[PDB]
């Protein structure tokens, strides 16, 4: 029973979690390999803007923006476990584990960011204007300032992930880390003491390779969005997919099923609305709809009524789509219809951040069009019929047309006063902050709303619920060590990123709140793995 290759540390996956874990490991003097399931490096990280939320970061301190630790913990506790949050409780109402993980994020994200930049692997610039998603909470004492992004990201920052994967992987090759693509890890090999001593991977040609790890196996294999069975059986909502890399199929869940782990936070994903047709069609370029485009634009349900603030934070807005009507045995908002006019088409269109409104040249198969409102509803009906088998054979109400006219009349009044009496669109900072581009109007009272045109053409797109990726898996301690059911480390076995349980439950603290913590844990995991004895 022997191995065709041997390294000190074997890393699984080449997104943020894998690359950073590998670099930190290598810089301690270990030999390292990165095993990537796909043909290309980068996973979901590659598609991201690579905002990374780093509490008490060096640029903030240089700018004179304070980030006190007790207040950091209160902010995250209040957002993460609202029912239990208590400022007088010794762990703010969090479990000891959740509290310890949040503390580790605060302690380790900045040194991790600093080392990656110092070595030239992830040079950054500060994004001082990027504001926390629940900045209005009094617990938040550093409402803006925590976000970094790759130094050479574009001005929109939309290509940040591509830049990060380039800088990280360039530094990895420079520093002698080995890479194997088309290697799907499928097993952890144990010694007789039950310690991880290597992996088995399936190659594209269907050969199996065994690779030894002298000190540690570190998983950075991403989530399970694109295993439909796992997704449907674990998540708290029945999402249609998400912007995760399609190779993120929850392999670690199968890999650990015989290792005695504790699967934790399996009920939660990072959530976001998606352009429904791109989810169903498996458009690999799809982004979550982080900014819902248009000011002269509303969402309506199948009755032709507004049901939600369209500018609400994406992780929260997605949840509205899965409200349950128990009397009718249906999801009334399963798909919502975004409706906009020529003004929003011309001035709110974007290639970035999952906008449904796209400029000339962009893929617009998901866009529904008509010269009149009555014509639009007939076009929407055809689209619903096309996807009937995915959406409970949903149909527009027989009163749709008249309801939509009433909805627009009401909205147009709100747009003129600047006050949305129904859903408070534009009243929270995050509504304005992620509003997207608009035609700036001299006398606009609220930047998130402008009256919808009294003439066509009119445009629409179906909006459904998806993920960025999942955030449940084997529980680790704060050093990235995968625990057995008695809360003790399985020696040699580590996990970082979306493949292990996040301490953020169902919450999404700020932009960059996936990547920032992840880099902290890669640093802590690599530092602990470096201290393993060489084994078997």
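Residue numbers count along the first chain shown, from 1.
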{"item": "Which of 442-450 and 79-87 has higher mean CA B factor, as the PDB entry lists it", "value": "442-450"}
{"item": "Residue stretch of maximal mean CA temperature factor, 201-209 vs 428-436", "value": "201-209"}
{"item": "Identity of residue with top Cα B-factor, from 466, 223, 281, 392", "value": "281"}
{"item": "Residue of maximum C-alpha B factor among 192, 296, 315, 338, per deposited coordinates", "value": "192"}
{"item": "For residue 132, the third of its chain into which the C-alpha B factor falls", "value": "lowest"}
{"item": "Among modelled residues of the same chain, the CA temperature factor third for residue 57", "value": "middle"}
{"item": "Third of chain Cα B-factors occupied by residue 167", "value": "highest"}
{"item": "Ranked against its chain, the third holding the CA B-factor of residue 482", "value": "lowest"}
{"item": "CA B-factor placement of residue 490, once the chain's modelled residues are sorted into thirds", "value": "middle"}
